[PDB]
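Q: any chance you could fold what I've pasted below:
(3 chains, ligands or ions: 2)
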Amino acid sequence: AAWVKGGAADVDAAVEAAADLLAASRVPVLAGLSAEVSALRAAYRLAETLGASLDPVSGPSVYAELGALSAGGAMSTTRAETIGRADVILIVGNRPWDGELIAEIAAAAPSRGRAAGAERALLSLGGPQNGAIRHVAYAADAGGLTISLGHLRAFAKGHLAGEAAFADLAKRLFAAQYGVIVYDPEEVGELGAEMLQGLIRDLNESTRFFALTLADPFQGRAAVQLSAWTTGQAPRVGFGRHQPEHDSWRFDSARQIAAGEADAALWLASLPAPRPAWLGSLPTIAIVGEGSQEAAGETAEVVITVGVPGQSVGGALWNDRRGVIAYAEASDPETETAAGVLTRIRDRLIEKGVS
Amino acid sequence: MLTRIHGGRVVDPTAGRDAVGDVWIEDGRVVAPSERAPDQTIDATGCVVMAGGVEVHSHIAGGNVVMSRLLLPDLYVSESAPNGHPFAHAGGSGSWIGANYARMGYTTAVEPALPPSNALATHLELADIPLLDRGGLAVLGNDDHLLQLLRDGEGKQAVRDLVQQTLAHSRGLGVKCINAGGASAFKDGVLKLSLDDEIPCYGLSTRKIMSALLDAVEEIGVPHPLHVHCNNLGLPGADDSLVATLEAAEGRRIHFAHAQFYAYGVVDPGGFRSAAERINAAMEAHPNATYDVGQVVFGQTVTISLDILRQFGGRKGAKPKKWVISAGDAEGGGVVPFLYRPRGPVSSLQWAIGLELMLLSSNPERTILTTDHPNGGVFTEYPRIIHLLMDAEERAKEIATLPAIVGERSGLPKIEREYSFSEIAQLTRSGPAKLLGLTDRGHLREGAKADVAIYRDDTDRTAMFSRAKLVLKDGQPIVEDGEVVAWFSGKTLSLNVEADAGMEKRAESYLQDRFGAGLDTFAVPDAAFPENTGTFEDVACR
Amino acid sequence: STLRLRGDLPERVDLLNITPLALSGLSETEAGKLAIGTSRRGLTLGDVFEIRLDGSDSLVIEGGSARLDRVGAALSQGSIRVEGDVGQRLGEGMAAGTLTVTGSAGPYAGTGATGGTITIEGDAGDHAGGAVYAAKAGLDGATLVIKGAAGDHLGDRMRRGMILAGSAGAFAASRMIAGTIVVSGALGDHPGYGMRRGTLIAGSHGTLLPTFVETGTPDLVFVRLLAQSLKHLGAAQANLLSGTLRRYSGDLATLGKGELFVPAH
Ligand SMILES: [Zn+2]
Ligand SMILES: [Zn+2]
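A: Numbering: from 1, shown residues only, chains lettered A, B, ... in the order given. Ligands and ions are numbered 1, 2, ... in the order given. The structure is reproduced below:
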C-alpha cells in the first residue's frame, strides 16, 4: 500500500507523485540506500537520469575507512581466516565486542595455516577490562584510541624507550605468525585507521599481519561495491553534469540538508535503518519495508511500502559473516520491490522528458 | 532479418579468406548467400571485414577491480557526455569498459579471476557490462578445500568432483590458477615460491596442484584448457619458471597467461635480458601449449592480481606509493598502482619483449594478443599494438626514442617483419575463440554468430582500429563510425555442468564449520540479476 | 573586471576557470552565458553576478556567499579579490598569482596550490590547507595566509609551501609530508599526528602527543632564515621567532623528521 498527501493508497499514482516531486526540484538527493543491490542499482540509475546526489546512511563509517585507504592503502584479511589462522589478535575499541566474532575466536584455536593449533593470545586496546572471555587488556590513552594507536606504532618502530605498557604490546605483536588487528573505522576515525594501517605495514617487516575492518550493518559496504563498478567512483556521487562527480563533502546528505541546498530527497530503506529526522522538513519520497514503523503516511510526502529482502522477498544483501554480497531468499514470504519502484519512477521521469 | 555486407575485404583465417566478398547474416547468424533480396544492405568500400573481437585475459570485474577504482579515482578520465548512454563516458565504470571495447570491434571479453567465494558480486559486475558477451574463469589452487584433498591423496575422481562443484556453483566458463599454493604460502610467511617448492602445511609443490587441476580439466572436458599463472611473476629468471612449468604439463593442454612478464633472462649471475626467443622455441616444441602476451603500455596504470605473493613482493615499487593487499579465504587479491616510465630502461625492455614474442611466433593463433588489462596496460591500446606489428617503419619510429638498452638486450630492432591482416585476425578473433572453445565466435564462415567488425582502411592502423566503421552484435548494429548507437545487455557464458549431489552435501558440512554459512552464500542465483535466467547462456563441454 | 553579486545563491556554485585570463579572452556578452551551477537547473555567470569586463589581469568579486566553491582554482596569472565570504576549495591547484578574500573561507581551502599567495582576512574552515578526499597532498607550494583562526586539520597532508595563521584548531599539521606552518597564537589538541617532515611553530599549544619528544632550546640557523623570511613578507608571526624556542621531534609513528617550536616560557 502507498500513501500520497493524505493517505492515497494507489501504488501507481504514488509513483507519479514521486516523479512530479523529483522533476520540480533542482537539487535532488537519494539518501538511505539500505536495500538490495538491485535497488541500489536502480537508485543509481535513477540519479543518473535525474541529476541527483546519493548518500548511504553508513556514510560516516564508510568514508572513515575509504578516506584512509584511498590515500594510504590497506593490508586486510577476512573473518574466516582470522578465526582460522590468526594466533595473536588485537581488538581495538569496544564495537568489535558486540558481535559473536570475539567469542568464535576465543572458543577455538586456529585450524589452518602455520600457527594452526597453537595457543591463542587475545590483546585488547580500549576494550573492557573485565570480560567473560579471558584476554589481555591494555589501557587506552587519555587522548583516545586514535592517540593510543599512534603511541603504539612508535614502540613498534623502535622510536620510544622500553618498559612501557605499549612496549610490551609491541613485543607481543612482532612475535606473531598470523596477526590480525580488529577495529571499527567508525569509532577509530580516518586518522586512526591510516595510522592503524601504517602500524600493520611496520609489523609486516617481520611477520605477516592484517586488519579486520569491521563492516557497517546498513548495506553501506555493498553500496561501495556496486557504485564502484557502475559509476567508476565510491558513493556520494552527483550527476548534475551528466558525469559522476565524486565529492565526499559536497554530496554528504547530512551536510546538504542542514545548509538548505537540497529541495527534495528520496529515502531508500527496505531494511531497517535509523530515521534521518529531516523527512518532514523537505518534500521526501520514502521507499520503506512493510514491517517497518516508517510505513505510515505521516513520515514523508510520498511513502511506498516494498518487500523486506531476506524476510518477505528475495534479494542480494551484504553477508556479515561471509564479508561479500550474497543472495538471501525470503524466510517464509504480488508484493512490490524497491528496485521495481525506483525503475518505474525512472521510467515515468523519462516519459515526461519526451513530451 | 536478412543482411548483405558486400564490397569489403573479408578476412577469415580459419577458412583461408583474404579477399573481397559478400557476408550474409540471417536471424543473427551467418548464413550461406541467399539468392533472394535482402532487407538491408551494408556497403564497405575497402573497409576490411573481420569477425567479432575476442578478449581472453582482461581484469574487468571482481572485488579487486572495485578496489582499484577506490584507490585510484584519477586513473581514467571521465568526459562530459551530453546525450550519451548512461555511464558510457564515465571513465573506469563497467559501462565505460564495455562501450570502449565495442568501439574497437570487440564483442566478447573474458574475466580471468573469478573467485568462487565472491562469485555473485563478480557476476553481478559482469552482467552490468553492456553490449559484450562476457565470461568468468573460476580460480582454484589456493583454497584449503582443494589443498586438503591433495594433501590426503583423495584421488583423481574426488578432485574432479570438487572442480565440477566449484565450476557449477560459481557459474564459470573455465578453470584458472594464479600461482598455485602461493597464497596458502604467503599466509604462512613465504615470500618467494617456485613450481617445485614445497608449500607449508600441505607438503605439496605447485606443480602437484597444477598437475591435479590439469587432470581434472581434461577429465571434465572444459573446451578452454587450464589458464595458468606461473610462479615468480616479473622476477629476472621467470623464463626458467615458465619453461619448467610447460615441461611439467607433460603434454597436456594448457594456456599461459600474460607470458610477457616471464620472458626475462637472467644474463649475468642488476639487469635482465630478453628471453622471447627461448620461450618461442619451447612453444614450438610443445604443440599443446598456448599463451597470451600481456603487452606493456607506457604510462600510469594499476596492477590487479590474485598473486598476493608477488604483489606483496613488489609492493614497495608502487607509484603512487599506496597499495591494497587482501589475503582472504582463497587468494583475496592485491592492487598496486604502477607507472611504466615513458623512457624507462625497465619499461622500454618490457615493451620490446611483448612485441618480440609475437614477432617470433610461427602461428599467431597460439600467441594471442592481450595487454593483461590493466596490469600491463589499458586495453584501448590494442589499435596501437596492431599498428606497431603491421607497420615496420612505425616500429622503428618508436624504437628511435627509446634508449640503447632496447637493442642491446632484446633484439626487437633486428626483427623487421610486418604482420598481415590474416595474422592480426589470428591474434584477436581466430586464436582467442579457438582457445576459449567458443566455436561460433572466432570466424565469419556460415554458421558463426553474427559478430562482425568493419574497419575503414587507413595507412595509420591506429585510427583504423580505434574507431570501427560498423560493429554488429548478433546481427544488430551496436557502433557506427566509431560511436555507440545501441545499448543492450549481453549474456554471460557459463559451462553447463552438474554438481555432484554427494559432493554438494560434503562441501556443505565443510563450509558450515569454516565460515558459518551454507552454499547459498556462494551460490549465483538468477533472481539476483536484472535479467532473470536471461543473463546466462550455456556452453557445452567437449 | 568586477562581478557584482546580485543576491543570495539558491544552490552551490563552481567558479573554476573563472580567472581573469579566461574572462579576458571571452566576449563580455559571451562570458555571461558561462554556466557555473552545480545542479541540473544550473546557473550562469549572468544570473549570479553583474558582469563588468575589461582586458585586465585583475578581478574583483563584489559580494560573497559560503556557496562559492573552487573560487580562484587553477589561477595562473593576475589577481582575484573577493569582497565577502567564500566556499570550499579556495584556489584549488593555483599555479601562481594572488588571491585575497575579505571574509571567511570554506573547508579544504588551498588544496593542491602550487604557487602564489592565498590570503583570507577572515577565518578559515576545517581542513584548511589540507588534502581533499583521496588527494596525494594538501598544500603543494603556494603560501597561505589566514589573518583569522583556522579550524581542525590545518595543513593536513601538506607537501610544500608555507601557512601563516592567526590561530589554529585541533589535529593541526596532521599527516604532514613537508612544509612550514606558523600560527601566531593558539594551537588545538594533538598537533602533528602522523607528521613525517615539516616545521610547525605556535605561540600556544594544547595537549601534545606522547610520540613528540622535546629536543630542548636549540639556536638553529634555519630559525634565523625563517624569521627573516617572515619579516620580509610583513608577517605578524615574525615576532614569535625573536625569542628562544622549545623544540619537539616529529611523530614517531612515521619517520620522525618533523618538528614543533613553541616559546620557552
Ligand atoms: Zn589475475
Ligand atoms: Zn595475472
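Q: now for residue C:69: which residues touch it?
A: A:250, C:12, C:13, C:14, C:15, C:38, C:87, C:88, C:89, C:106 (C-beta atoms under 8 Å, 6 or more residues apart in numbering or on different chains). Where you see a C-beta, it was placed from the backbone N, CA and C, and this is true even at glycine.
Q: sitting in strands, which of those residues do you find?
A: C:13, C:14 (DSSP state E).
Q: tell me how many other residues crowd the residue of chain A found nearest ligand 1.
A: Among all residues of chain A, residue A:229 sits closest to ligand 1, at 16.8 Å; criterion: C-beta to the ion. Per other C-beta atoms under 10 Å in any protein chain shown, the neighbour tally for residue A:229 reads 28.
Q: show me the domain layout of chain A.
A: Per curated CATH domains, the structural domains of chain A span A:1-60+A:214-355, A:61-213.
Q: which stretch among those comes nearest residue B:514?
A: domain A:61-213 (5.8 Å; C-beta to C-beta).
Q: endpoint to endpoint, that closest one covers what distance?
A: With C-alpha to C-alpha, to the nearest Å applied, domain A:61-213 spans 11 Å between its terminal residues.
Q: run the chain-centre distance for it.
A: When distances are taken as C-alpha atoms, centre = their mean, to the nearest Å, domain A:61-213 is centred 20 Å away from the chain's centroid.
Q: by neighbours, which of the contacts of residue C:69 wins?
A: residue C:89 (29 neighbours).
Q: hmm, back to that, the domains of chain A into a markdown table, with extra columns for distance to residue B:58?
A: Listed next are the domains of chain A as a markdown table, based on distance: least, C-beta to C-beta, whole Å:
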| stretch | distance to residue B:58 |
| --- | --- |
| domain A:1-60+A:214-355 | 14 |
| domain A:61-213 | 24 |
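Q: coming back round to it: out of the contacts of residue C:69, flag the one nearest to residue B:460.
A: Using C-beta to C-beta, residue C:14 is the member of the contacts of residue C:69 that sits closest to residue B:460, with 38.3 Å.
Q: which residues touch the closest one?
A: By C-beta under 8 Å, 6+ apart, the contact set of residue C:14 is C:36, C:37, C:38, C:69, C:70.
Q: which one of the domains of chain A lies nearest to residue B:330?
A: Here domain A:61-213 is closest among the domains of chain A (C-beta to C-beta), at 9.6 Å.
Q: got the buried residues for stretch B:339-346?
A: B:339, B:340, B:344 (16 or more other C-beta atoms under 10 Å in any protein chain shown).
Q: over to stretch C:136-150?
A: Quick answer for stretch C:136-150 (16+ other C-beta under 10 Å): C:136-147, C:149-150.
Q: that stretch: end-to-end distance?
A: Taking C-alpha to C-alpha, the first and last residues of stretch C:136-150 lie 22 Å apart.
Q: hmm, it touching chain B?
A: Yes - part of stretch C:136-150 sits near chain B under the criterion C-beta under 8 Å from any C-beta of the partner chain, namely residue C:136.
Q: in the chain, which helix is the longest?
A: As the question left the chain open, I've gone with chain A. helix A:338-354 (DSSP state H).
Q: correction: the question concerned chain C.
A: Chain C, longest helix under DSSP H: helix C:221-233.
Q: in CSV, list the C-alpha atoms belonging to that helix.
A: Backbone C-alpha positions of helix C:221-233 (Å, rounded to 0.1, in the frame of the first residue of the first chain) are rendered in CSV as follows:
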residue,chain,number,x,y,z
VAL,C,221,70.4,28.7,11.7
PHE,C,222,67.2,27.7,9.9
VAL,C,223,65.2,29.7,12.6
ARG,C,224,67.2,32.8,11.7
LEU,C,225,66.3,32.4,8.0
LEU,C,226,62.7,31.6,8.7
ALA,C,227,62.5,34.7,10.8
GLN,C,228,64.0,37.0,8.1
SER,C,229,61.6,35.4,5.6
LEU,C,230,58.6,36.3,7.7
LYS,C,231,60.0,39.8,8.3
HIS,C,232,60.3,40.4,4.6
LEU,C,233,56.8,39.3,3.8
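Q: quick one, helices of the stretch 201-350 of chain A?
A: Ranges of helices within the stretch 201-350 of chain A are A:220-231, A:253-259, A:338-354, based on DSSP state H, counting those that start in this stretch.
Q: what about the shortest one, distance to the chain center?
A: Right, helix A:253-259. Remark: helix A:253-259 is offset 19 Å from the chain centroid, using C-alpha atoms, centre = their mean.
Q: which helices and strands does that helix pack with?
A: Contacts defined by 3 or more C-beta pairs under 8 Å, 6 or more residues apart in numbering or on different chains; DSSP states H and E place helix A:253-259 against strand A:28-34, strand A:53-56.
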